[PDB]
$ cat start-v8.csv   # CSV, C-alpha atoms (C1' of nucleotides)
chain,number,residue,atom,x,y,z
A,1,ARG,CA,30.0,7.7,38.4
A,2,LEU,CA,27.0,8.3,36.1
A,3,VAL,CA,24.5,7.7,38.9
A,4,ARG,CA,26.5,9.9,41.3
A,5,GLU,CA,26.4,12.6,38.5
A,6,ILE,CA,22.7,12.4,38.1
A,7,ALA,CA,22.1,12.5,41.9
A,8,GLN,CA,24.5,15.4,42.4
A,9,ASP,CA,22.0,17.6,40.5
A,10,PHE,CA,19.4,16.7,43.1
A,11,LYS,CA,21.2,17.0,46.5
A,12,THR,CA,24.8,17.7,47.4
A,13,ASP,CA,27.1,15.6,49.6
A,14,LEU,CA,25.4,12.2,49.2
A,15,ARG,CA,26.8,8.7,49.9
A,16,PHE,CA,25.5,5.5,48.2
A,17,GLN,CA,25.4,2.0,49.5
A,18,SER,CA,27.1,-0.4,47.1
A,19,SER,CA,23.9,-2.5,47.1
A,20,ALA,CA,21.8,0.5,46.1
A,21,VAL,CA,24.0,1.1,43.0
A,22,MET,CA,23.8,-2.6,42.0
A,23,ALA,CA,20.0,-2.5,42.3
A,24,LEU,CA,19.9,0.5,40.0
A,25,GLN,CA,22.1,-1.3,37.5
A,26,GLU,CA,20.0,-4.4,37.6
A,27,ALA,CA,16.7,-2.5,37.0
A,28,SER,CA,18.3,-0.3,34.4
A,29,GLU,CA,19.7,-3.2,32.3
A,30,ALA,CA,16.4,-5.1,32.6
A,31,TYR,CA,14.5,-2.0,31.4
A,32,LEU,CA,16.9,-1.6,28.5
A,33,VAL,CA,16.8,-5.3,27.5
A,34,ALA,CA,13.0,-5.1,27.6
A,35,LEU,CA,13.0,-1.9,25.6
A,36,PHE,CA,15.2,-3.4,22.8
A,37,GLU,CA,12.9,-6.4,22.7
A,38,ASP,CA,10.0,-4.1,22.0
A,39,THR,CA,12.2,-2.1,19.7
A,40,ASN,CA,13.2,-5.1,17.6
A,41,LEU,CA,9.6,-6.2,17.3
A,42,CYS,CA,8.7,-2.7,16.0
A,43,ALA,CA,11.6,-2.8,13.5
A,44,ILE,CA,10.5,-6.2,12.2
A,45,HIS,CA,7.0,-4.9,11.9
A,46,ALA,CA,8.3,-2.2,9.5
A,47,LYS,CA,9.7,-5.0,7.2
A,48,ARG,CA,13.2,-4.0,8.5
A,49,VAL,CA,16.0,-5.8,10.3
A,50,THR,CA,17.9,-2.8,11.6
A,51,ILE,CA,16.6,-1.0,14.7
A,52,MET,CA,16.3,2.7,14.4
A,53,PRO,CA,15.5,5.6,16.8
A,54,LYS,CA,12.0,5.9,15.3
A,55,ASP,CA,11.3,2.4,16.6
A,56,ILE,CA,12.3,3.2,20.2
A,57,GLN,CA,10.3,6.5,20.1
A,58,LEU,CA,7.2,4.6,18.8
A,59,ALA,CA,7.6,1.9,21.4
A,60,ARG,CA,7.9,4.3,24.4
A,61,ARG,CA,5.0,6.3,23.1
A,62,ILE,CA,2.7,3.2,23.1
A,63,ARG,CA,4.1,2.2,26.5
A,64,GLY,CA,3.1,5.7,27.8
B,1,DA,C1',15.2,20.8,-87.3
B,2,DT,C1',13.5,24.1,-83.7
B,3,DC,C1',10.9,26.5,-80.4
B,4,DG,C1',6.9,26.8,-77.8
B,5,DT,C1',2.9,24.9,-75.7
B,6,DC,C1',0.1,21.3,-73.8
B,7,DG,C1',-1.0,17.1,-71.9
B,8,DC,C1',0.8,13.6,-68.6
B,9,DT,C1',3.9,13.8,-62.1
B,10,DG,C1',6.3,14.2,-57.8
B,11,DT,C1',8.0,17.2,-53.9
B,12,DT,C1',7.7,20.6,-50.9
B,13,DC,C1',5.3,24.1,-48.2
B,14,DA,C1',1.5,25.9,-45.9
B,15,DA,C1',-3.0,25.5,-43.7
B,16,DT,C1',-6.2,23.2,-41.0
B,17,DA,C1',-8.1,19.9,-37.8
B,18,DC,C1',-7.3,16.9,-34.0
B,19,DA,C1',-5.3,15.3,-29.6
B,20,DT,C1',-3.2,16.2,-25.1
B,21,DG,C1',-1.9,18.9,-21.0
B,22,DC,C1',-3.9,22.8,-17.7
B,23,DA,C1',-7.0,26.3,-15.1
B,24,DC,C1',-11.4,28.2,-13.8
B,25,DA,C1',-16.2,28.5,-13.3
B,26,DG,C1',-20.6,25.8,-11.6
B,27,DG,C1',-23.4,22.8,-8.6
B,28,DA,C1',-24.6,20.0,-4.9
B,29,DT,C1',-23.7,18.0,-0.5
B,30,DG,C1',-22.4,18.8,3.9
B,31,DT,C1',-21.4,22.1,7.6
B,32,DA,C1',-22.2,26.0,9.9
B,33,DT,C1',-25.5,29.3,11.6
B,34,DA,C1',-29.9,31.8,12.7
B,35,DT,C1',-34.2,31.2,15.0
B,36,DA,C1',-38.1,29.7,17.5
B,37,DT,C1',-39.6,26.5,21.2
B,38,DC,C1',-40.4,23.7,24.8
B,39,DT,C1',-38.0,21.0,28.9
B,40,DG,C1',-36.2,19.2,32.9
B,41,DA,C1',-32.1,19.5,35.4
B,42,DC,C1',-29.8,22.7,38.4
B,43,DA,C1',-29.7,26.0,42.0
B,44,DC,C1',-31.9,27.7,46.1
B,45,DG,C1',-34.6,27.8,50.2
B,46,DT,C1',-36.3,25.0,54.4
B,47,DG,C1',-36.3,21.9,57.7
B,48,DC,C1',-34.2,18.4,60.2
B,49,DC,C1',-30.2,15.7,62.6
B,50,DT,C1',-25.7,13.3,62.9
B,51,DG,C1',-21.0,14.3,62.8
B,52,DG,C1',-17.8,18.0,64.0
B,53,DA,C1',-16.4,20.9,68.0
B,54,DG,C1',-15.1,21.7,72.9
B,55,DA,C1',-13.0,20.4,77.2
B,56,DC,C1',-10.2,17.1,79.8
B,57,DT,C1',-7.2,13.0,80.9
B,58,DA,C1',-4.0,9.4,80.6
B,59,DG,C1',-0.4,7.3,78.2
B,60,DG,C1',2.8,6.0,75.0
B,61,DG,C1',5.0,7.5,70.7
B,62,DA,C1',8.2,10.6,69.2
B,63,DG,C1',11.8,13.9,69.9
B,64,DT,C1',16.6,14.4,71.8
B,65,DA,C1',20.9,13.5,73.3
B,66,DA,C1',24.9,10.4,74.0
B,67,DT,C1',27.8,6.4,72.5
B,68,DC,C1',29.2,2.8,69.0
B,69,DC,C1',31.1,0.8,65.1
B,70,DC,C1',30.0,-0.6,60.8
B,71,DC,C1',30.0,0.9,56.2
B,72,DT,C1',31.4,4.0,52.9
B,73,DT,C1',34.8,6.6,50.8
B,74,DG,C1',39.5,7.0,49.2
B,75,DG,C1',44.1,6.6,47.5
B,76,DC,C1',47.6,3.4,44.9
B,77,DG,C1',49.4,0.4,41.6
B,78,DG,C1',49.5,-4.0,38.0
B,79,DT,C1',48.1,-7.2,34.7
B,80,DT,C1',44.7,-7.2,31.5
B,81,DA,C1',40.6,-7.6,29.1
B,82,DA,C1',37.8,-4.4,27.2
B,83,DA,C1',37.3,-0.2,24.7
B,84,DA,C1',38.7,2.4,20.6
B,85,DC,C1',40.2,3.4,15.9
B,86,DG,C1',40.5,2.2,11.2
B,87,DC,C1',39.5,-0.7,6.6
B,88,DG,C1',37.0,-3.0,3.5
B,89,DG,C1',32.9,-4.6,1.5
B,90,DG,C1',28.5,-6.7,1.6
B,91,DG,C1',23.9,-6.8,2.4
B,92,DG,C1',20.3,-3.9,4.2
B,93,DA,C1',17.8,0.5,3.7
B,94,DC,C1',15.0,3.4,0.8
B,95,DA,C1',13.1,5.2,-3.1
B,96,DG,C1',10.8,4.3,-8.0
$ encode --input "start-v8.csv" --output "structure tokens"
Amino acid sequence: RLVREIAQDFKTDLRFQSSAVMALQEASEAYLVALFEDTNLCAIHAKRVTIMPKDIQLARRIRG
DNA sequence: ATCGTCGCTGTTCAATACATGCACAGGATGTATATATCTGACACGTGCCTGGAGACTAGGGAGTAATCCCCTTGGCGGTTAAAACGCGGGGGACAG
């Protein structure tokens, strides 16, 4: 439903193949797992244990 | 005796000197700017030629319609795990 919502803002009356959604979910979770890995490394660098939004913002800024 | 005055002292009060917190001139070191000067890299002009333009053909790639059926959407209900809400406190964040 979320992907249909985001796509609805681009073009109306669209149908999705089930495999297309699964591929979007696979790449999305892999991106999010990789981001939290970089986020946890940033939080540990700040002598912390808890991840915080400033860690994600710094990580994505360095990533470009 | 009896009173007053003169040697011996402490205790407080005031005045002065010192120490600590704060701002404002004063210099010097760098930056910005003003100026003179000389330069070589850019812009133009010329001359020369290779790649773009023109004209035609042949041919297959793409556009077009007509049919197919596969895939996508959709609705429905049933247990069911996962989400959600709340509580309590501990250890992790954050500041000194």
$ closest_residue --input "start-v8.csv" --among "A:14, A:59, A:3, A:28" --to "residue A:45" --atoms "all atoms listed in the file"
A:59
$ interface_residues --input "start-v8.csv" --of "chain B" --to "chain A" --cutoff "9 Å" --atoms "only C-alpha atoms (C1' of nucleotides)" --output "list in words"
residues 71, 72, 73, 92 and 93 of chain B
$ atom_distance --input "start-v8.csv" --atom1 "atom CA of residue A:55" --atom2 "atom CA of residue A:41"
8.8 Å
$ atom_distance --input "start-v8.csv" --atom1 "atom CA of residue A:35" --atom2 "atom CA of residue A:2"
20.3 Å
$ atom_distance --input "start-v8.csv" --atom1 "atom CA of residue A:36" --atom2 "atom CA of residue A:64"
15.9 Å
